[PDB]
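Structure data follow from structure_24.cif (mmCIF, C-alpha atoms):
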```cif
data_my_file
#
loop_
_atom_site.label_atom_id
_atom_site.label_comp_id
_atom_site.auth_asym_id
_atom_site.auth_seq_id
_atom_site.Cartn_x
_atom_site.Cartn_y
_atom_site.Cartn_z
CA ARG A 51 310.29 36.63 -87.64
CA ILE A 52 314.10 36.81 -87.61
CA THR A 53 315.01 37.59 -91.23
CA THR A 54 315.48 41.08 -92.61
CA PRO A 55 312.31 43.22 -92.87
CA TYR A 56 313.19 44.70 -96.27
CA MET A 57 312.51 43.18 -99.68
CA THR A 58 315.74 42.07 -101.36
CA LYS A 59 316.20 43.00 -105.00
CA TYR A 60 315.83 39.37 -106.08
CA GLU A 61 312.48 39.22 -104.30
CA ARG A 62 311.32 42.42 -105.98
CA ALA A 63 312.35 41.01 -109.35
CA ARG A 64 310.55 37.71 -108.86
CA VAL A 65 307.42 39.32 -107.42
CA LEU A 66 307.20 41.78 -110.31
CA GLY A 67 307.73 38.94 -112.77
CA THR A 68 305.01 36.79 -111.22
CA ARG A 69 302.50 39.63 -110.88
CA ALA A 70 303.17 40.56 -114.51
CA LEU A 71 302.73 36.99 -115.71
CA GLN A 72 299.43 36.95 -113.81
CA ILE A 73 298.16 40.27 -115.18
CA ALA A 74 299.08 39.11 -118.68
CA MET A 75 296.98 35.98 -118.17
CA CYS A 76 293.89 38.17 -117.70
CA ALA A 77 294.06 38.76 -114.02
CA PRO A 78 292.20 41.65 -112.38
CA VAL A 79 294.39 44.73 -111.93
CA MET A 80 293.79 46.37 -108.55
CA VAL A 81 295.80 49.49 -109.46
CA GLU A 82 293.61 51.52 -111.87
CA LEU A 83 295.90 51.41 -114.88
CA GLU A 84 295.90 54.59 -116.96
CA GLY A 85 296.50 53.55 -120.56
CA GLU A 86 299.69 51.48 -120.34
CA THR A 87 300.04 48.25 -122.31
CA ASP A 88 303.01 46.79 -120.40
CA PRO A 89 302.17 44.25 -117.67
CA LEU A 90 305.49 45.02 -115.97
CA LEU A 91 304.67 48.72 -115.66
CA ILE A 92 301.32 47.68 -114.19
CA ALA A 93 303.08 45.34 -111.77
CA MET A 94 305.35 48.18 -110.66
CA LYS A 95 302.29 50.42 -110.26
CA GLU A 96 300.77 47.75 -108.02
CA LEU A 97 303.96 47.26 -106.00
CA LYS A 98 304.13 51.00 -105.36
CA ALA A 99 300.54 51.03 -104.07
CA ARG A 100 301.16 48.03 -101.77
CA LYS A 101 298.51 45.88 -103.49
CA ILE A 102 300.08 42.48 -104.14
CA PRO A 103 298.61 39.47 -102.28
CA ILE A 104 301.67 37.23 -102.57
CA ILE A 105 303.54 35.47 -99.76
CA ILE A 106 307.32 35.37 -100.02
CA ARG A 107 308.36 32.05 -98.49
CA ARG A 108 311.99 32.55 -97.48
CA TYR A 109 313.75 29.20 -97.14
CA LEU A 110 316.51 28.69 -94.61
CA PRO A 111 319.41 26.34 -95.42
CA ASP A 112 317.94 23.52 -93.29
CA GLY A 113 314.43 23.39 -94.81
CA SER A 114 312.81 25.66 -92.24
CA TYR A 115 310.88 28.55 -93.89
CA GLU A 116 309.32 31.93 -92.92
CA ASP A 117 306.20 33.31 -94.72
CA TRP A 118 306.28 37.10 -95.25
CA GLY A 119 303.61 39.22 -96.89
CA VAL A 120 304.52 41.42 -99.82
CA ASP A 121 302.57 44.14 -98.01
CA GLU A 122 304.49 43.65 -94.73
CA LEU A 123 307.90 44.13 -96.35
CA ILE A 124 309.78 47.42 -96.61
CA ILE A 125 310.23 48.11 -100.33
CA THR A 126 313.18 50.45 -100.82
CA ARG B 1663 336.52 14.14 -104.83
CA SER B 1664 335.41 15.57 -101.47
CA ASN B 1665 332.21 16.91 -103.01
CA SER B 1666 328.63 15.87 -102.33
CA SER B 1667 327.38 16.21 -105.92
CA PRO B 1668 327.90 13.47 -108.53
CA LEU B 1669 326.28 15.56 -111.29
CA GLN B 1670 328.75 18.28 -110.49
CA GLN B 1671 332.22 16.79 -110.31
CA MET B 1672 331.40 15.07 -113.65
CA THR B 1673 330.55 18.36 -115.46
CA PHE B 1674 334.14 19.40 -114.62
CA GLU B 1675 336.76 16.82 -115.64
CA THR B 1676 337.43 13.04 -115.68
CA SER B 1677 333.65 12.63 -116.07
CA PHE B 1678 333.91 8.86 -116.56
CA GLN B 1679 336.00 8.17 -113.45
CA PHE B 1680 333.52 10.28 -111.42
CA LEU B 1681 330.64 8.39 -113.03
CA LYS B 1682 332.20 4.99 -112.32
CA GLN B 1683 332.72 6.09 -108.72
CA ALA B 1684 329.18 7.42 -108.30
CA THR B 1685 327.89 4.18 -109.86
CA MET B 1686 329.77 1.59 -107.80
CA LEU B 1687 328.87 3.52 -104.63
CA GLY B 1688 325.18 4.17 -105.32
CA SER B 1689 325.98 7.85 -104.84
CA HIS B 1690 322.89 10.03 -104.52
CA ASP B 1691 322.52 13.57 -105.88
CA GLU B 1692 320.31 16.18 -104.24
CA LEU B 1693 320.03 18.60 -107.19
CA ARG B 1694 321.22 21.61 -105.21
CA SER B 1695 324.28 22.69 -107.20
CA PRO B 1696 323.97 24.99 -110.20
CA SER B 1697 325.28 22.22 -112.46
CA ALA B 1698 322.95 19.53 -111.12
CA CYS B 1699 320.14 22.10 -111.36
CA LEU B 1700 320.90 22.91 -115.01
CA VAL B 1701 321.35 19.25 -115.98
CA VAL B 1702 317.85 18.12 -114.96
CA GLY B 1703 316.16 21.38 -115.96
CA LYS B 1704 315.53 23.05 -112.61
CA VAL B 1705 315.89 26.63 -111.40
CA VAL B 1706 319.22 27.37 -109.73
CA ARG B 1707 319.06 27.68 -105.95
CA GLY B 1708 320.59 31.15 -105.67
CA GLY B 1709 319.88 34.73 -106.57
CA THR B 1710 316.31 34.96 -107.82
CA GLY B 1711 315.49 31.34 -107.07
CA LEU B 1712 315.83 31.09 -103.30
CA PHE B 1713 312.21 31.38 -102.11
CA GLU B 1714 308.63 30.59 -103.06
CA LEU B 1715 305.71 32.94 -103.74
CA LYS B 1716 302.72 31.09 -102.24
CA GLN B 1717 299.69 32.87 -103.64
CA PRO B 1718 297.19 32.84 -100.74
CA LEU B 1719 293.67 31.53 -101.23
CA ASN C 6 299.79 22.66 -119.28
CA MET C 7 303.15 21.49 -117.99
CA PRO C 8 303.80 18.19 -116.18
CA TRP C 9 303.83 20.05 -112.84
CA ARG C 10 306.06 17.41 -111.21
CA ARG C 11 309.60 18.24 -110.11
CA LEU C 12 312.73 16.23 -109.36
CA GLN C 13 314.16 15.87 -105.85
CA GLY C 14 317.28 13.75 -106.19
CA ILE C 15 319.01 11.53 -108.83
CA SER C 16 320.90 8.33 -107.80
CA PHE C 17 323.36 6.37 -109.98
CA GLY C 18 323.37 2.57 -109.49
CA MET C 19 323.91 -0.54 -111.65
CA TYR C 20 321.09 -2.33 -113.54
CA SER C 21 320.36 -5.92 -112.46
CA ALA C 22 320.76 -7.48 -115.96
CA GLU C 23 317.51 -9.23 -115.25
CA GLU C 24 315.50 -5.99 -115.15
CA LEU C 25 317.15 -4.78 -118.35
CA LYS C 26 315.09 -7.60 -119.77
CA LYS C 27 311.56 -6.22 -120.08
CA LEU C 28 313.52 -3.08 -120.86
CA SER C 29 313.98 -4.52 -124.34
CA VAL C 30 311.66 -4.65 -127.32
CA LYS C 31 313.53 -7.36 -129.23
CA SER C 32 316.89 -9.07 -129.65
CA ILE C 33 318.88 -7.99 -132.70
CA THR C 34 320.75 -10.63 -134.71
CA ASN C 35 321.41 -9.41 -138.27
CA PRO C 36 324.89 -7.84 -138.63
CA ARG C 37 324.31 -5.90 -141.86
CA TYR C 38 322.29 -2.91 -140.66
CA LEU C 39 322.24 -0.83 -143.86
CA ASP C 40 319.86 -2.08 -146.52
CA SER C 41 320.96 -2.32 -150.15
CA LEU C 42 319.38 1.10 -150.74
CA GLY C 43 319.86 2.68 -147.31
CA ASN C 44 316.79 1.60 -145.34
CA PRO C 45 316.67 -0.42 -142.11
CA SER C 46 317.26 -4.16 -142.45
CA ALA C 47 314.92 -6.17 -140.25
CA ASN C 48 316.50 -7.50 -137.04
CA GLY C 49 319.55 -5.27 -137.53
CA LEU C 50 320.81 -2.43 -135.39
CA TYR C 51 318.53 0.14 -137.02
CA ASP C 52 315.16 -1.56 -136.64
CA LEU C 53 311.53 -0.45 -136.62
CA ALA C 54 310.88 -1.78 -133.10
CA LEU C 55 313.82 0.20 -131.65
CA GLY C 56 311.90 3.26 -132.89
CA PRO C 57 311.62 5.28 -136.09
CA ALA C 58 315.14 6.73 -136.61
CA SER D 46 270.25 1.67 -104.16
CA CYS D 47 273.03 3.31 -106.17
CA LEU D 48 273.57 5.85 -103.34
CA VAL D 49 277.33 6.44 -102.99
CA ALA D 50 279.52 9.18 -101.52
CA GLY D 51 283.28 9.22 -102.04
CA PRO D 52 285.59 11.78 -100.38
CA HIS D 53 288.61 12.15 -102.66
CA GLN D 54 291.52 14.56 -102.96
CA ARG D 55 292.17 15.95 -106.44
CA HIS D 56 294.86 18.29 -107.76
CA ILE D 57 293.58 21.31 -109.67
CA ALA D 58 295.54 24.02 -111.49
CA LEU D 59 293.62 27.29 -111.50
CA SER D 60 294.23 30.06 -114.01
CA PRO D 61 295.03 33.59 -112.80
CA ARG D 62 291.79 34.67 -114.50
CA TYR D 63 289.79 32.95 -111.73
CA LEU D 64 291.59 34.55 -108.79
CA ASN D 65 288.81 36.76 -107.43
CA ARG D 66 286.30 34.10 -108.56
CA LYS D 67 287.72 30.72 -107.57
CA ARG D 68 284.76 28.51 -106.65
CA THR D 69 283.35 29.63 -110.00
CA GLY D 70 286.56 28.62 -111.74
CA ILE D 71 287.45 25.50 -109.76
CA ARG D 72 284.43 23.99 -111.53
CA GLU D 73 284.14 25.92 -114.83
CA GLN D 74 286.23 23.32 -116.67
CA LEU D 75 288.56 21.51 -114.26
CA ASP D 76 285.75 19.60 -112.51
CA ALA D 77 282.78 20.05 -114.87
CA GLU D 78 284.65 18.36 -117.74
CA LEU D 79 283.89 14.77 -116.62
CA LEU D 80 280.30 15.38 -115.54
CA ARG D 81 278.94 11.88 -114.83
CA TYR D 82 281.53 10.39 -117.16
CA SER D 83 282.96 6.99 -116.26
CA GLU D 84 285.94 7.20 -113.93
CA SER D 85 288.62 4.50 -114.04
CA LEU D 86 290.59 5.64 -110.98
CA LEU D 87 287.69 4.55 -108.75
CA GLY D 88 284.87 3.40 -111.05
CA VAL D 89 282.75 6.53 -110.71
CA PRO D 90 280.17 8.47 -112.73
CA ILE D 91 280.75 12.03 -111.46
CA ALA D 92 277.19 13.25 -110.85
CA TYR D 93 278.16 16.77 -109.59
CA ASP D 94 280.71 18.10 -107.00
CA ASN D 95 278.65 19.02 -103.86
CA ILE D 96 281.59 20.96 -102.29
CA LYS D 97 285.18 21.73 -103.54
CA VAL D 98 287.44 23.36 -100.80
CA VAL D 99 291.26 23.88 -100.37
CA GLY D 100 292.96 22.99 -97.04
CA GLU D 101 295.37 26.01 -97.11
CA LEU D 102 297.31 28.38 -99.53
CA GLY D 103 298.35 27.95 -103.21
CA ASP D 104 301.77 27.33 -104.77
CA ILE D 105 302.59 29.30 -107.99
CA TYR D 106 305.51 27.22 -109.49
CA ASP D 107 308.39 29.41 -110.87
CA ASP D 108 307.83 30.32 -114.62
CA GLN D 109 304.33 28.65 -114.73
CA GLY D 110 301.46 31.16 -114.22
CA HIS D 111 298.86 28.74 -112.90
CA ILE D 112 298.09 28.35 -109.20
CA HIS D 113 298.21 24.69 -108.19
CA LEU D 114 296.13 23.49 -105.25
CA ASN D 115 294.28 20.58 -103.68
CA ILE D 116 290.52 20.02 -103.76
CA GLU D 117 288.80 17.76 -101.23
CA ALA D 118 285.54 16.80 -102.94
CA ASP D 119 282.74 14.37 -102.20
CA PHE D 120 281.55 12.65 -105.35
CA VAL D 121 277.91 11.61 -105.04
CA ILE D 122 277.91 8.56 -107.29
CA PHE D 123 275.43 5.99 -108.61
CA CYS D 124 277.23 2.63 -108.62
CA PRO D 125 275.52 -0.29 -110.36
CA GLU D 126 278.12 -2.99 -109.73
CA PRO D 127 278.53 -6.78 -110.03
CA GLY D 128 276.36 -8.46 -107.43
CA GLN D 129 273.22 -6.45 -108.24
CA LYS D 130 270.02 -7.22 -110.12
CA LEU D 131 269.01 -3.94 -111.76
CA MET D 132 266.15 -2.86 -114.01
CA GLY D 133 266.06 -1.69 -117.60
CA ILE D 134 263.74 0.13 -119.97
CA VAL D 135 262.44 -2.15 -122.73
CA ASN D 136 262.00 -0.03 -125.86
CA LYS D 137 263.36 -1.98 -128.84
CA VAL D 138 263.71 -5.76 -129.12
CA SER D 139 266.61 -6.96 -131.27
CA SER D 140 268.68 -10.09 -131.78
CA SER D 141 271.87 -8.08 -131.30
CA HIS D 142 270.78 -6.63 -127.96
CA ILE D 143 267.97 -5.27 -125.79
CA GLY D 144 268.50 -1.53 -125.48
CA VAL D 147 267.07 3.27 -116.50
CA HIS D 148 265.87 6.79 -115.63
CA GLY D 149 266.10 7.68 -119.33
CA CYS D 150 269.87 8.27 -119.15
CA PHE D 151 271.58 4.97 -118.23
CA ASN D 152 271.93 2.91 -121.41
CA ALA D 153 272.04 -0.87 -121.01
CA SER D 154 272.97 -3.69 -123.38
CA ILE D 155 272.27 -7.43 -123.56
CA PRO D 156 274.36 -9.37 -126.13
CA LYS D 157 272.83 -12.43 -127.77
CA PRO D 158 273.77 -15.53 -125.67
CA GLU D 159 272.78 -14.09 -122.28
CA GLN D 160 269.15 -15.25 -121.95
CA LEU D 161 267.60 -18.64 -121.26
CA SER D 162 267.74 -20.61 -124.51
CA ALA D 163 264.36 -22.21 -123.73
CA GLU D 164 262.61 -19.09 -125.07
CA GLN D 165 262.22 -18.73 -128.83
CA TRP D 166 261.66 -15.43 -130.61
CA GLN D 167 259.27 -14.04 -133.21
CA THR D 168 260.12 -10.93 -135.28
CA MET D 169 257.39 -8.46 -134.20
CA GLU D 170 257.78 -9.07 -130.44
CA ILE D 171 259.32 -11.93 -128.47
CA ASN D 172 257.44 -14.29 -126.16
CA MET D 173 259.13 -15.92 -123.17
CA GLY D 174 258.43 -19.29 -121.55
CA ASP D 175 254.74 -18.94 -120.66
CA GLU D 176 253.94 -16.66 -123.64
CA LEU D 177 253.71 -13.71 -121.23
CA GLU D 178 254.84 -10.50 -122.90
CA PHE D 179 256.99 -8.34 -120.60
CA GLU D 180 258.03 -4.90 -121.90
CA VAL D 181 258.68 -3.12 -118.58
CA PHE D 182 261.23 -2.47 -115.83
CA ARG D 183 262.20 -5.97 -114.71
CA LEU D 184 265.18 -8.19 -113.90
CA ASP D 185 268.48 -6.86 -115.26
CA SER D 186 271.67 -8.02 -113.51
CA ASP D 187 274.76 -6.34 -114.97
CA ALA D 188 278.24 -7.62 -114.10
CA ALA D 189 280.16 -7.07 -117.36
CA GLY D 190 280.56 -3.33 -117.71
CA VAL D 191 281.99 -1.15 -120.47
CA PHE D 192 283.73 2.00 -119.24
CA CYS D 193 285.73 3.08 -122.33
CA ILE D 194 283.45 4.16 -125.19
CA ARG D 195 282.21 7.75 -125.08
CA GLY D 196 278.64 6.56 -124.60
CA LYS D 197 279.30 3.71 -122.19
CA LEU D 198 277.17 0.62 -121.66
CA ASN D 199 275.55 -1.43 -118.92
CA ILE D 200 275.40 -5.09 -119.95
CA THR D 201 272.57 -6.67 -117.98
CA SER D 202 271.90 -10.34 -117.22
CA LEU D 203 269.08 -12.51 -115.92
CA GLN D 204 270.90 -15.77 -115.08
#
```

Would you mind writing the file's structure down as structure tokens?
Amino acid sequence: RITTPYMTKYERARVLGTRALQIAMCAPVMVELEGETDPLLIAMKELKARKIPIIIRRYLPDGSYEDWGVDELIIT
Amino acid sequence: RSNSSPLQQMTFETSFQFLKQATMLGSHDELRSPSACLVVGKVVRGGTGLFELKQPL
Amino acid sequence: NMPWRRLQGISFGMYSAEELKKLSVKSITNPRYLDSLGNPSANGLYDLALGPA
Amino acid sequence: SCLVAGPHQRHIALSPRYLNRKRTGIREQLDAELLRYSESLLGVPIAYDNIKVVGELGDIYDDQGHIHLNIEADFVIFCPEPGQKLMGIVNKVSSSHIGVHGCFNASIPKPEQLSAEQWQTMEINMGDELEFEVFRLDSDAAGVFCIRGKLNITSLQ
């Protein structure tokens, strides 16, 4: 509620990596892939459509955390 | 010497003096440095590892 | 399927000397550790209770 | 009556293949793999999981792909335990042993009966020469829980 609204580059990297590792483990792709064999291209296609049900849990230096949605996060 | 990480501080220099110290003091390590995080096989606590992902059910 | 369990903390202390016992498979007594041909001599440093080398 | 219900918390790691279909997958293998197989953590044949729910969220752990979570499940269990005099199906009479509901296998090693009763090969007669081949006294207190097909060692003394 007080951290930045945008998605840092490290968060984009980790979210793409995790979504790709999920797709590669036979997870349903909600993005209507169009003949591409790379799970990372599919993960980028999903991130551009705002279809990723993951919750970035930003940790503050004292243990307190804030749970943001990958949908409710301004991707640059 | 004024450092809160025994696993660091022994990956630098005089590792046996810093181990003897940490041993006769019961010094505890929190595995939050990059060195203490690479010694016990964790993910460093900066850059890409600074947050969780928490797949919702 | 990985262990799933993570480490939070590592402390360095000294062993009691009485709990090292029971942390010990056998007492070694034979000085000559190398067999005549190069195998482990029983009750030596290289032993078959201290693990297969 | 073997009626038992045990509410226990288990840890289950779900594959990303069972994301849209979790309840299906929370059981496919991770709970249906010990179906009424002896448990040693609590002494439990797992009949079937009536309900398997998660309190909140799931934690994907760094490089690992799986989604780890907690399952609060009630195991409906049938517990024949020491302190009970059960029954047993009499089908085959042997010197080695005497092998409920057609699925619980029971055993009776040799020196567990009254030694007053002497045996004949075709069938055995007890004290008053009354033949009993039917559900009757079987009190098991020594129980095997290791072998794939476990046992239920019954007693009458």

For residue 18 of chain C: contacts at 7 Å, only C-alpha atoms, fewer than 6 positions along chain excluded, given as a VMD selection string = chain B and resid 1685 to 1686 1688

query = Pick the closest to chain B from A:88, A:116, A:96, A:82: which is it, counting only C-alpha atoms?
reply =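 Smallest separation from chain B among the options: A:116.
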
Rows by chain and residue number, chain C within 7 Å of chain B, shortest pair, all atoms listed in the file, as a Markdown table:
```
| residue | atom | partner | partner_atom | distance |
| --- | --- | --- | --- | --- |
| C:13 | CA | B:1692 | CA | 6.4 |
| C:14 | CA | B:1692 | CA | 4.3 |
| C:15 | CA | B:1691 | CA | 5.0 |
| C:16 | CA | B:1690 | CA | 4.2 |
| C:17 | CA | B:1685 | CA | 5.0 |
| C:18 | CA | B:1685 | CA | 4.8 |
| C:19 | CA | B:1685 | CA | 6.4 |
```

inquiry  = For this structure, which residues satisfy the selection - the PyMOL selection byres ((chain A) within 9 of (chain B)) - when it is evaluated on the file as given? I want them as number ranges by chain.
reply    = A: 59-61, 63-65, 68, 103-109, 115, 117

The selected residues should be written to file as a PDB file, in the coordinates of the input (atoms: C-alpha atoms).
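again.pdb, freshly written:
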```
ATOM      1  CA  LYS A  59     316.200  43.000-105.000  1.00  0.00           C
ATOM      2  CA  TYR A  60     315.830  39.370-106.080  1.00  0.00           C
ATOM      3  CA  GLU A  61     312.480  39.220-104.300  1.00  0.00           C
ATOM      4  CA  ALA A  63     312.350  41.010-109.350  1.00  0.00           C
ATOM      5  CA  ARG A  64     310.550  37.710-108.860  1.00  0.00           C
ATOM      6  CA  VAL A  65     307.420  39.320-107.420  1.00  0.00           C
ATOM      7  CA  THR A  68     305.010  36.790-111.220  1.00  0.00           C
ATOM      8  CA  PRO A 103     298.610  39.470-102.280  1.00  0.00           C
ATOM      9  CA  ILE A 104     301.670  37.230-102.570  1.00  0.00           C
ATOM     10  CA  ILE A 105     303.540  35.470 -99.760  1.00  0.00           C
ATOM     11  CA  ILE A 106     307.320  35.370-100.020  1.00  0.00           C
ATOM     12  CA  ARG A 107     308.360  32.050 -98.490  1.00  0.00           C
ATOM     13  CA  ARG A 108     311.990  32.550 -97.480  1.00  0.00           C
ATOM     14  CA  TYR A 109     313.750  29.200 -97.140  1.00  0.00           C
ATOM     15  CA  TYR A 115     310.880  28.550 -93.890  1.00  0.00           C
ATOM     16  CA  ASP A 117     306.200  33.310 -94.720  1.00  0.00           C
TER      17      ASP A 117
END
```

Draw an axis-aligned box over all listed atoms of segment 147-151 of chain D, pad each side with 3 Å, and write its centre and edge lengths in Å, one decimal, as AutoDock Vina command-line options.
```
--center_x 268.7 --center_y 5.8 --center_z -117.5 --size_x 11.7 --size_y 11.0 --size_z 9.7
```

message = My list of candidates is A:79, A:118, A:66, A:110. Which is closest to residue 93 of chain A when distances are computed with all atoms listed in the file?
response =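 Closest to residue 93 of chain A, using all atoms listed in the file: A:66.
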
request  = At a cut-off of 12 Å, list the chain D residues touching chain B, using all atoms listed in the file, as a PyMOL selection string.
outcome  = chain D and resi 59+61+63-68+98-115

message = Using Å and a single decimal, report how far atom CA of residue 1678 of chain B sits from atom CA of residue 31 of chain C.
response =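 Computed distance, atom CA of residue 31 of chain C to atom CA of residue 1678 of chain B, equals 29.0 Å.
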
inquiry  = Considering all atoms listed in the file, can you say which of A:125, A:83, A:77, A:99 comes closest to chain D?
reply    = A:77

task = Just need the residues of chain C within 12 Å of chain D, counting all atoms listed in the file, so spit them out as number ranges by chain.
result = C: 6-11

Mind dumping the selected residues with C-alpha atoms as a PDB file, keeping the file's coordinate frame?
```pdb
ATOM      1  CA  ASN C   6     299.790  22.660-119.280  1.00  0.00           C
ATOM      2  CA  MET C   7     303.150  21.490-117.990  1.00  0.00           C
ATOM      3  CA  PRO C   8     303.800  18.190-116.180  1.00  0.00           C
ATOM      4  CA  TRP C   9     303.830  20.050-112.840  1.00  0.00           C
ATOM      5  CA  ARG C  10     306.060  17.410-111.210  1.00  0.00           C
ATOM      6  CA  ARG C  11     309.600  18.240-110.110  1.00  0.00           C
TER       7      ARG C  11
END
```

For the interface of chain A with chain D (cut-off 7 Å, counting only C-alpha atoms), please tabulate each contacting residue of chain A alongside its nearest pair of atoms and their separation in Å to one decimal, rows sorted by chain and increasing number, as a Markdown table.
```
| residue | atom | partner | partner_atom | distance |
| --- | --- | --- | --- | --- |
| A:71 | CA | D:110 | CA | 6.1 |
| A:72 | CA | D:61 | CA | 5.6 |
| A:75 | CA | D:61 | CA | 6.2 |
| A:76 | CA | D:62 | CA | 5.2 |
| A:77 | CA | D:62 | CA | 4.7 |
```

key: Shell of 10 Å around residue 90 of chain D, only C-alpha atoms, local chain residues under 5 positions omitted, as a list in words   =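 So, after excluding close chain neighbours, the residues are residues 79, 80, 81, 82, 83, 84, 85, 120, 121, 122, 123, 124 and 192 of chain D.
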
ask   = Interatomic distance between atom CA of residue 90 of chain A and atom CA of residue 62 of chain A?
value =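 So the two atoms, atom CA of residue 90 of chain A and atom CA of residue 62 of chain A, lie 11.9 Å apart.
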
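In this model, the gap between atom CA of residue 199 of chain D and atom CA of residue 179 of chain D comes to 19.9 Å.
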
Output the residue selection produced by the PyMOL selection byres ((chain A and resi 124) around 8) on the file above, formatted as an mmCIF file with C-alpha atoms, in the coordinates of the input.
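What ended up in result31.cif:
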```
data_model
loop_
_atom_site.group_PDB
_atom_site.id
_atom_site.type_symbol
_atom_site.label_atom_id
_atom_site.label_comp_id
_atom_site.auth_asym_id
_atom_site.auth_seq_id
_atom_site.Cartn_x
_atom_site.Cartn_y
_atom_site.Cartn_z
ATOM 1 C CA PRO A 55 312.310 43.220 -92.870
ATOM 2 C CA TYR A 56 313.190 44.700 -96.270
ATOM 3 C CA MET A 57 312.510 43.180 -99.680
ATOM 4 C CA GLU A 122 304.490 43.650 -94.730
ATOM 5 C CA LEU A 123 307.900 44.130 -96.350
ATOM 6 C CA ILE A 125 310.230 48.110 -100.330
ATOM 7 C CA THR A 126 313.180 50.450 -100.820
#
```

task = List the residues selected by the PyMOL selection byres ((chain D and resi 153) around 10) in the file shown, writing them as a PyMOL selection string.
result = chain D and resi 132-135+142-144+147+150-152+154-155+185+187+190-191+197-201

Using C-alpha atoms, can you export the residues from the last selection as a tab-separated table (two decimals), in the coordinates of the input?
```tsv
chain	number	residue	atom	x	y	z
D	132	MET	CA	266.15	-2.86	-114.01
D	133	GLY	CA	266.06	-1.69	-117.60
D	134	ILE	CA	263.74	0.13	-119.97
D	135	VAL	CA	262.44	-2.15	-122.73
D	142	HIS	CA	270.78	-6.63	-127.96
D	143	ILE	CA	267.97	-5.27	-125.79
D	144	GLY	CA	268.50	-1.53	-125.48
D	147	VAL	CA	267.07	3.27	-116.50
D	150	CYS	CA	269.87	8.27	-119.15
D	151	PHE	CA	271.58	4.97	-118.23
D	152	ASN	CA	271.93	2.91	-121.41
D	154	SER	CA	272.97	-3.69	-123.38
D	155	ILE	CA	272.27	-7.43	-123.56
D	185	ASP	CA	268.48	-6.86	-115.26
D	187	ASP	CA	274.76	-6.34	-114.97
D	190	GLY	CA	280.56	-3.33	-117.71
D	191	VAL	CA	281.99	-1.15	-120.47
D	197	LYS	CA	279.30	3.71	-122.19
D	198	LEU	CA	277.17	0.62	-121.66
D	199	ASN	CA	275.55	-1.43	-118.92
D	200	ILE	CA	275.40	-5.09	-119.95
D	201	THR	CA	272.57	-6.67	-117.98
```

request  = Excluding residue 1697 of chain B and any residue of its chain fewer than 6 positions from it, enumerate the residues within 9 Å of it, using only C-alpha atoms, and give them as a PyMOL selection string.
outcome  = chain B and resi 1669-1670+1673+1706

key: Exercise: segment 34-39 of chain C partners within 12 Å, all atoms listed in the file, chain neighbours under 6 positions left out, as a VMD selection string   = chain C and resid 45 to 53

Written file, previous selection with C-alpha atoms, as an mmCIF file, keeping the file's coordinate frame:
```cif
data_model
loop_
_atom_site.group_PDB
_atom_site.id
_atom_site.type_symbol
_atom_site.label_atom_id
_atom_site.label_comp_id
_atom_site.auth_asym_id
_atom_site.auth_seq_id
_atom_site.Cartn_x
_atom_site.Cartn_y
_atom_site.Cartn_z
ATOM 1 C CA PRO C 45 316.670 -0.420 -142.110
ATOM 2 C CA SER C 46 317.260 -4.160 -142.450
ATOM 3 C CA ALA C 47 314.920 -6.170 -140.250
ATOM 4 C CA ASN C 48 316.500 -7.500 -137.040
ATOM 5 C CA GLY C 49 319.550 -5.270 -137.530
ATOM 6 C CA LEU C 50 320.810 -2.430 -135.390
ATOM 7 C CA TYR C 51 318.530 0.140 -137.020
ATOM 8 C CA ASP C 52 315.160 -1.560 -136.640
ATOM 9 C CA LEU C 53 311.530 -0.450 -136.620
#
```

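With distances restricted to only C-alpha atoms, D:127 is the closest residue to residue 189 of chain D from D:117, D:57, D:127, D:165.
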
message = I'd like the contact shell of residue 163 of chain D - 9 Å cut-off, only C-alpha atoms, skipping same-chain residues fewer than 2 positions apart - returned as a ChimeraX atom specification.
response = /D:160-161,165,173-174
